[PDB]
Amino acid sequence: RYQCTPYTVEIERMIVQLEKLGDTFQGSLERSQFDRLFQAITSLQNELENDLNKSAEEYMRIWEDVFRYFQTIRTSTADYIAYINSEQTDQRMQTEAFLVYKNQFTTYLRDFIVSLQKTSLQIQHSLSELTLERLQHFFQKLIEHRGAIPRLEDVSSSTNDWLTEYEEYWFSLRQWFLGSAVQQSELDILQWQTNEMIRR
Amino acid sequence: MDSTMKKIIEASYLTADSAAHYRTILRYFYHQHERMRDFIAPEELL
Amino acid sequence: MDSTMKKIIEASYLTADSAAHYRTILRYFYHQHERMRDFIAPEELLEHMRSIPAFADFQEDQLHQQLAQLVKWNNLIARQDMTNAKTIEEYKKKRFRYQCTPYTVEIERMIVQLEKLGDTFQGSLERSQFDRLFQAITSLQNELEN
Amino acid sequence: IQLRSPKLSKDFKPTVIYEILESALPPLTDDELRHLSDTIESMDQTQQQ
Amino acid sequence: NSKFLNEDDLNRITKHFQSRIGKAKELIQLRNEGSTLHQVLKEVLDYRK
Amino acid sequence: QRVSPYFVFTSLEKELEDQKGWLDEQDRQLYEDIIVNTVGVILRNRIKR
């Protein structure tokens, strides 16, 4: 009597995801990505205001929500930017495919970019407000709950490794949205590329 | 190790000459997985 | 025709005899896609393949053969450069710049999930699934009283 | 150069200073206006065509 | 303050920019000198003034 | 080319039909707003500095 390996389960799941789509770029937008992410960061700011009194799992949940949303948005922007910069958009543009690309591109622009821009101001402001030192006691609470999860996984690394990993992920988010004094935010890179493709 | 060096057998399923019978087979297996059924008889599968 | 039963040749790379080359190449393409990069140089791919010890002796004619096979396998895209010639040879050679089909993007995305895992059932779990569903449902209920 | 220019030694009331200060502030580099202006000019040209 | 910012204020700021771009086009029409839209923009948006 | 008026009229009909499908005012406004919005943020940065 037979059953399928998780290999097969995941493979078939992704296969189904692909089967849904019309060929070109038939993905969808859940415009509220940035609203939900911002709400999670607002929760983080309120936690910092709470002065470390709350329980570890609250901090862990807010962390995971923030990073789920950030991961989703990074996936979305990767799809978007690849769609924009595609050689089809560039020089196969001579045919009517320019107009089809135009329709999908304007849909994505409107929804994704409008919500993105509206959120990004308060986003970057909060991220600037989310300094490492403040996030460090938050990371201590995250350590509290991480130890609350005695994982068999490679999380067996020390507490300070967990602190450093949280810290590096936080810099990742800070660069992708707020950027840095040394470099423009990756969000700004996406913005510039979108502007230039609009101009083209 | 990074697995890219070794070529994966799950592809053999997806790109065999009987990949039609295959695709249908584990598509049905996935559907049963969605039904949370267990230990499917090969004869029921037939 | 229901697309649920035909031969998915996009996956042919995973069991080609050069599946090491193909998989490493497509992994690199996925990473560059992650790096927000575009218009990839096959010569850069030869460079980085050779930088990997497994393909130090990488043949670039075989590289371009593999690239054409992948594109033919609905796994990559490319187009000749129109402007950027510095040596007359570049002006001659129609040097193409490449990308990965969304097929490939999603395929490798799923693959990564499995790469994370030891064999048996290494999947994780975030216990607060139920309460979050409940919170959204409570939001719905509060809406119906409005 | 303005600091050195001799109008300082000669003219004595504030409104010169206000113009000098206003000129000291750094303006809009051509790139930032360039993207917007190019797009708007192209769009209006398309409309006219 | 960004902290004090909200979607309504964002819309208001965008409206202000919209009014300015309309003003830019009207200025193009009044300045029949044929100066490019880039110049009219660089004048309307120069904040130091 | 030198073509008869029937051909030119037909050609202009087809062309105007095609050209009219390129753009729409709503998309013009959307594109203008999104670029103007990033420019507005840049202006904000300049004002803060």
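Residues numbered from 1 in each chain as written, not as in the entry; some residues may be left out. Chains lettered and ligands numbered in written order. Part of a larger assembly, values for the part shown. Heavy atoms only, no water.

Judging from the entry metadata, cryo-EM is the method by which this structure was determined, and 6.71 Å is the reported resolution.

1. A closer look at the overall build of chain B
What counts is decided by this rule: We count a stretch as a helix when DSSP gives it H or I for four or more residues in a row; a strand needs E for two or more, and each element gets its number in order from the N terminus. With a 1.4 Å probe rolled over the protein chains alone, any residue whose accessible area is under 20% of its type maximum counts as buried; one over 50% counts as exposed, and the rest are partly exposed. Accessible surface is estimated by sampling points in the Shrake-Rupley manner with a 1.4 Å probe; for residues, cover comes only from the protein chains shown.
When helices and strands are tallied, chain B shows three helices and zero strands. Start at the N end of chain B and walk to the C end: the helices and strands fall as α-α-α. With the C-alpha coordinates of chain B rotated into their principal frame, the extents come out at 40 × 25 × 15 Å. Taking all 46 residues of chain B together, the buried fraction comes to 35%. Carbon together with sulfur atoms contributes 60% to the accessible area of chain B, which is approximately 3200 Å² in total.

2. Description of the interface of chain C and chain A
Spelled out, the test is: Working rule for contacts: check all heavy atoms of both residues, and any pair within 4.5 Å makes them a contact. Summed over both partners, the accessible area (1.4 Å probe) lost when two parts come together is defined as the buried area. Whenever a carboxyl oxygen of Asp or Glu lies within 4 Å of a side-chain nitrogen of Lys or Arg, that contact is scored as a salt bridge. Distance and chemistry together define a polar contact, namely a pair of N or O atoms within 3.5 Å, with one atom able to donate a hydrogen and the other to accept it when in protein, and with adjacent residues in sequence counting only for side-chain atoms on both sides. Any residue outside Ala, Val, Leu, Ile, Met, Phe, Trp, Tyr, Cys, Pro, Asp, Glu, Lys and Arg is labelled polar, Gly included; the first ten of those are nonpolar and the last four are charged.
Taken residue by residue, the interface counts 26 residues in chain C and 28 residues in chain A. Taking both partners together, chain C and chain A bury about 2500 Å²; carbon and sulfur atoms supply 59% of that area. Among the residues chain C hides against chain A, the three largest losses belong to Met36(C), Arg79(C) and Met110(C). Together they make up 22% of the total. Where chain C meets chain A, there are three salt bridges. Linking chain C with chain A are nine residue pairs in polar contact, by the criterion used here. Looking at the side of chain C that touches chain A, the elements that each hand over two or more residues are α1 (19-34), β1 (76-80), β2 (96-100) and α5 (102-115) of chain C. Of the residues forming the side of chain C that touches chain A, the biggest block, six residues, is contributed by α5(C). Broken down by class, the residue content of the side of chain C that touches chain A amounts to eleven nonpolar, seven polar and eight charged.

3. Digging into the environment of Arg27(B)
Its location among the elements puts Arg27(B) in helix α2 (residues 19-35). On the accessibility criterion, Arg27(B) (9% relative accessible area) is buried. Setting aside residues up to four positions removed in sequence, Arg27(B) forms contacts with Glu12(A), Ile15(A), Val16(A), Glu19(A), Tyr13(B) and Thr4(C). Within polar-contact distance, the side chain of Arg27(B) engages the side chain of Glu19(A) at 3.1 Å.

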